[PDB]
Amino acid sequence: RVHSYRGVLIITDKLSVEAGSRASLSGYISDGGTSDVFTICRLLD
Amino acid sequence: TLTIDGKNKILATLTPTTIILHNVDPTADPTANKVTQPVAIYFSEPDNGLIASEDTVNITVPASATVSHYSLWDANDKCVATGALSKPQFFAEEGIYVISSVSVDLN
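If you read the sequences in order, they're chains G and K.
Under the authors' numbering, the first residue of the first sequence is numbered 12, with each subsequent residue one higher.
Under the authors' numbering, the first residue of the second sequence is numbered 3, with each subsequent residue one higher.
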């Protein structure tokens, strides 16, 4: 005899994922800041 | 590769709460070379995989000290982010270093 058969086709894979990252920061040496009220001043003791 | 929704689900749990300043690079060891006391900082909820500070933070630096890097700490004293300042700044006398804003990216 000569016979044949069939089987299910099987495949394999490696899927993987990656993201990465970042960071940020901004500033400066302050002076005076900000104030709503801003007027000439006299300071007694 | 993460989607935007996954990125936002991720960043919401980082919860940085405070910032400290160092003079030596704190990447290798954040416990050493502290120069200023911890200060509070607040962030907004993530979007586009990004979070930004909600307001400016005024940090007081002692006299004759220098600042070159920063670090962020959680509500449970763990370092989660490090970076370098725009300039190495030397304070002749006590002053205020102003943090305009800071953000963390996943893009």
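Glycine included, C-beta positions come from ideal geometry on N, C-alpha and C.
Pop quiz: residue i and residue j are said to be a contact at Cβ under 8 Å. What is the actual Cβ separation, rounded to whole angstroms?
{"i": "residue 62 of chain K", "j": "residue 95 of chain K", "result": "No, residue 62 of chain K and residue 95 of chain K are not in contact; Cβ-Cβ is about 12 Å, not under 8 Å."}
{"i": "residue 69 of chain K", "j": "residue 108 of chain K", "result": "In fact, because the Cβ distance is near 27 Å, the residues do not count as touching under 8 Å."}
{"i": "residue 75 of chain K", "j": "residue 20 of chain K", "result": "5 Å"}
{"i": "residue 2 of chain K", "j": "residue 65 of chain K", "result": "The displayed coordinates of chain K run from 3 to 109. Any statement about residue 2 of chain K would go beyond what the structure contains."}
{"i": "residue 26 of chain K", "j": "residue 43 of chain K", "result": "Actually they do not touch by this definition, with Cβ atoms about 21 Å apart."}
Residue range of the beta strand (DSSP E) that residue i falls in?
{"i": "residue 80 of chain K", "result": "Premise fails: residue 80 of chain K is in no beta strand (DSSP E) and is neither H nor E."}
{"i": "residue 36 of chain G", "result": "It is not in any beta strand (DSSP E) - residue 36 of chain G carries neither H nor E in the DSSP assignment."}
{"i": "residue 102 of chain K", "result": "97 to 103"}
{"i": "residue 13 of chain G", "result": "Premise fails: residue 13 of chain G is in no beta strand (DSSP E) and is neither H nor E."}
{"i": "residue 108 of chain K", "result": "From DSSP, residue 108 of chain K is part of no beta strand (DSSP E); its letter is neither H nor E."}
Any C-beta of chain K sitting closer than 7 Å to the C-beta of residue i?
{"i": "residue 28 of chain G", "result": "yes"}
{"i": "residue 20 of chain G", "result": "no"}
{"i": "residue 43 of chain G", "result": "no"}
{"i": "residue 36 of chain G", "result": "yes"}
Shorter than 7 Å from the beta carbon of residue i to some beta carbon of chain G?
{"i": "residue 100 of chain K", "result": "yes"}
{"i": "residue 91 of chain K", "result": "yes"}
{"i": "residue 72 of chain K", "result": "yes"}
{"i": "residue 69 of chain K", "result": "no"}
Pull up the DSSP beta-bridge partners for residue i, would you.
{"i": "residue 68 of chain K", "result": "K:92"}
{"i": "residue 23 of chain G", "result": "For residue 23 of chain G, which the question treats as bridged, DSSP gives no partner whatsoever."}
{"i": "residue 62 of chain K", "result": "K:98"}
What are the uninterrupted segments assigned as alpha helix (DSSP H) that are 4 or more residues long and contained completely in the region 5 to 40 of chain K, given in chain order?
-> Segments of the alpha helix (DSSP H) lying fully in the region 5 to 40 of chain K: 6 to 13.
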